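Report on the structure given below.
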Amino acid sequence: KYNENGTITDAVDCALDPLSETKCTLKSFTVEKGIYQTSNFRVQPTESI
Amino acid sequence: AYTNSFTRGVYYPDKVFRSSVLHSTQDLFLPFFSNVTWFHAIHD
Amino acid sequence: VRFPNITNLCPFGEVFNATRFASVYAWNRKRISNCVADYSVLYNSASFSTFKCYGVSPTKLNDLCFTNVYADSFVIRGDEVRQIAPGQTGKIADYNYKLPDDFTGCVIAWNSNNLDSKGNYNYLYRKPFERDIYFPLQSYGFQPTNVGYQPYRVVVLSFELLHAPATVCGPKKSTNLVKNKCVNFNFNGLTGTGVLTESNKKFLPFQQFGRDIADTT
Amino acid sequence: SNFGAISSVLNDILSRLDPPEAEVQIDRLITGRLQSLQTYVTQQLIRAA
Amino acid sequence: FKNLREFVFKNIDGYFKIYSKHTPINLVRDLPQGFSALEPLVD
Ligand SMILES: *[C@@H]1O[C@H](CO)[C@@H](O)[C@H](O)[C@H]1NC(C)=O
Ligand SMILES: *[C@@H]1O[C@H](CO)[C@@H](O)[C@H](O)[C@H]1NC(C)=O
Ligand SMILES: *[C@@H]1O[C@H](CO)[C@@H](O)[C@H](O)[C@H]1NC(C)=O
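Protein sequence lines, in the order shown, are assigned to chains A, B, C, D and E. Under the deposited numbering, the first residue of the first sequence is numbered 278, with each subsequent residue one higher. According to the deposited numbering, the second sequence holds residues 27 to 69, 80 in order. According to the deposited numbering, the third sequence holds residues 327 to 444, 447 to 454, 462 to 468, 489 to 501, 503 to 573 in order. Under the deposited numbering, the first residue of the fourth sequence is numbered 968, with each subsequent residue one higher. Under the deposited numbering, the first residue of the fifth sequence is numbered 186, with each subsequent residue one higher.
The following block contains the structure:
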């Protein structure tokens, strides 16, 4: 978040938690009441065959 | 010893002036609320 | 047209006319900065066997300018000249001298059959811009009687065009700046049309350009 | 967006490449930007309905 | 402590990039909580 003087005054770490993921998805530091689709769950492989 | 990094570790990703804007960028940043090793210089 | 009012000339002669080139296993990387880079000399010169640009066209280099320019200087065998390019693979491209596949710049080479060849056994070969200082180490015996087996002196000019303060700019004179009128501007190689006015935008000392939502200046 | 081009900025393509190469990079931007307008207009027509 | 000096050191393709910020503090025990962005100084 850049303010009127071009100074970064805040920031969101998009992988910190589900709320931060929502804030990054909506490109805002404020999230309105509701349900948002923010990402996709995918099970990762453990080893190769 | 370890401490809480909180919201520290954010730097300007490039040399472009921007203002009144929310900008999304991917770079090597210190993850928020991560653990940073705490060293001492008393009596490291 | 605006460029820093610097009159120093860039030391290309110290790279291209060097007494000795380094080996490819231990290639040199010279920094070129704080100077005027006239690329017409290198381009127009007939002494080069090749002058191939992957980044920008060679005739645009006179207008365009860079934050830094680096000259990677070393000796290879003639048939291996083809391997010094983005997207290439092979025993040289993969083992001793790798370029980024997004490399911006020009690869310039000429033979040294009348200078380095004797036999000359001082040239040894073995990530992008890595210097890797039964062995993997092999060398050439360059002799004047060996075309594809003759030594070549290759200089790779790596150009950084990221929008930041420029230090290496071409032989182009600046003009006066006119405010509050529609003009065709060129700031350090960045062009466009618009009205230039005084502003209250507090750029930080490291910032050279500002941008809008559309990524325009 | 680059759309496969070396740069999203049209002037940066033109100031760096000769026409035989600049045209290729520009065609990539034209296709992407023309497609972008078509997407916009279609959405406006549906929304207008 | 009176002075907090934050730095970032990273290496990209052989370039050692340094960012930093100096700010006054009034805290001895640990890092102060808050937000401050670091500008680049050296490459
Ligand atoms: C910008 O800097 C001025 C001091 O020159 C200050 O008064 C103003 O509040 C600053 N603006 C913001 C958004 O912090
Ligand atoms: C940080 O360290 C604490 C122990 O002091 C531990 O419980 C916690 O899980 C660690 N967190 C991370 C993200 O490593
Ligand atoms: C190298 O020397 C020749 C004269 O033999 C000169 O014409 C050429 O421009 C010089 N090269 C550079 C890069 O200055």
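Positions of the beta carbon are idealized from the N, C-alpha and C atoms, including for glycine.
Endpoints, the alpha helix (DSSP H) within which residue i is located
i, result
"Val401 (chain C)", "From DSSP, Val401 (chain C) is part of no alpha helix (DSSP H) but of the beta strand (DSSP E) over 394-403."
"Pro987 (chain D)", "986-1015"
"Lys300 (chain A)", "295-302"
"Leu368 (chain C)", "366-370"
Residue i - DSSP class collapsed to helix/strand/coil
i, result
"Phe192 (chain E)", "strand"
"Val213 (chain E)", "coil"
"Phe342 (chain C)", "helix"
"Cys361 (chain C)", "strand"
"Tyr37 (chain B)", "strand"
"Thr549 (chain C)", "strand"
"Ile980 (chain D)", "helix"
"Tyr351 (chain C)", "helix"
"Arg328 (chain C)", "strand"
"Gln564 (chain C)", "coil"
"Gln493 (chain C)", "strand"
"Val42 (chain B)", "strand"
"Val62 (chain B)", "strand"
"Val503 (chain C)", "coil"
"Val289 (chain A)", "coil"
"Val308 (chain A)", "coil"
"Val407 (chain C)", "helix"
"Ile203 (chain E)", "strand"
"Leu387 (chain C)", "coil"
"residue 446 (chain C)", "Coordinates for residue 446 (chain C) are simply not present: the residues of chain C run from 444 and resume at 447."
"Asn450 (chain C)", "strand"
"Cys336 (chain C)", "coil"
"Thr208 (chain E)", "strand"
"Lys528 (chain C)", "coil"
"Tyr423 (chain C)", "coil"
Spatial neighbours of residue i in its chain, beta-carbon cut-off 6 Å, leaving aside the 5 residues before and after
i, result
"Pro412 (chain C)", "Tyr380, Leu425, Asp427, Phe429"
"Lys195 (chain E)", "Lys202"
"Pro217 (chain E)", "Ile210"
"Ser514 (chain C)", "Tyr396, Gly431"
"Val327 (chain C)", "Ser530, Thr531, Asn542"
"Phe58 (chain B)", "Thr33"
"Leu189 (chain E)", "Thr208, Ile210"
"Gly416 (chain C)", "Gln409"
Extent of the continuous beta strand (DSSP E) run through residue i
i, result
"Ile434 (chain C)", "431-437"
"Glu516 (chain C)", "507-516"
"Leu441 (chain C)", "Per DSSP, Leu441 (chain C) belongs to no beta strand (DSSP E) and is neither H nor E."
"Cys538 (chain C)", "538-543"
"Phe377 (chain C)", "376-379"
"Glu224 (chain E)", "224-227"
"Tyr28 (chain B)", "28-30"
Spatial neighbours of residue i in its chain, beta-carbon cut-off 8 Å, leaving aside the 5 residues before and after
i, result
"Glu465 (chain C)", "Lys424"
"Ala27 (chain B)", "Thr63, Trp64, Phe65, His66"
"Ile285 (chain A)", "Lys278, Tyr279"
"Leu226 (chain E)", "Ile203, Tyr204, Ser205"
Same chain, Cβ closer than 7 Å to residue i, neighbours up to 5 away in sequence not counted
i, result
"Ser974 (chain D)", "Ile980"
"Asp53 (chain B)", "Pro39"
"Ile402 (chain C)", "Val350, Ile418, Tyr508, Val510"
"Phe186 (chain E)", "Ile210, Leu212, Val213"
"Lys528 (chain C)", "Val327, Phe329, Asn388, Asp389"
Inset, instruction - For the stretch 507-530 of chain C, enumerate the residues whose C-beta is nearer than 8 Å to any C-beta of chain E, in chain order. - result: none
Legend entry - Lining residues of ligand 2 - beta-carbon closer than 7 Å to any non-hydrogen atom, in sequence order: B:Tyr28, B:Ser60, B:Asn61
Legend entry - Chain-ordered residues, beta carbon under 6 Å from a heavy atom of ligand 1: A:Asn280, A:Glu281, A:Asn282
Inset, instruction - May I have all residues whose beta carbon comes closer than 6 Å to any heavy atom of ligand 3, sorted in chain order? - result: C:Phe338, C:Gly339, C:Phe342, C:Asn343, C:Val367, C:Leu368, C:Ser371
Legend entry - Residues of the stretch 197-227 of chain E whose Cβ lies closer than 8 Å to any Cβ of chain A, in chain order: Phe220, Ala222
Legend entry - Proximal residues, the stretch 541-571 of chain C versus chain B, C-beta separation under 8 Å: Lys557, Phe559, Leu560, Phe562, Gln563, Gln564, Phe565, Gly566, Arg567, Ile569
Legend entry - Residues from the stretch 365-394 of chain C in contact with chain D, defined by Cβ distance under 8 Å: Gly381, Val382, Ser383, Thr385, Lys386, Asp389, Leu390
Legend entry - Residues in the stretch 30-58 of chain B having any Cβ partner in chain A nearer than 8 Å: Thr33, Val36, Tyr38, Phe43, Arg44, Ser45, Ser46, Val47, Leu48, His49, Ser50, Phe55, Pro57, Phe58
Legend entry - Residues within the stretch 279-310 of chain A neighbouring chain E, beta-carbon criterion of under 9 Å: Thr284, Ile285, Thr286, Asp287, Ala288
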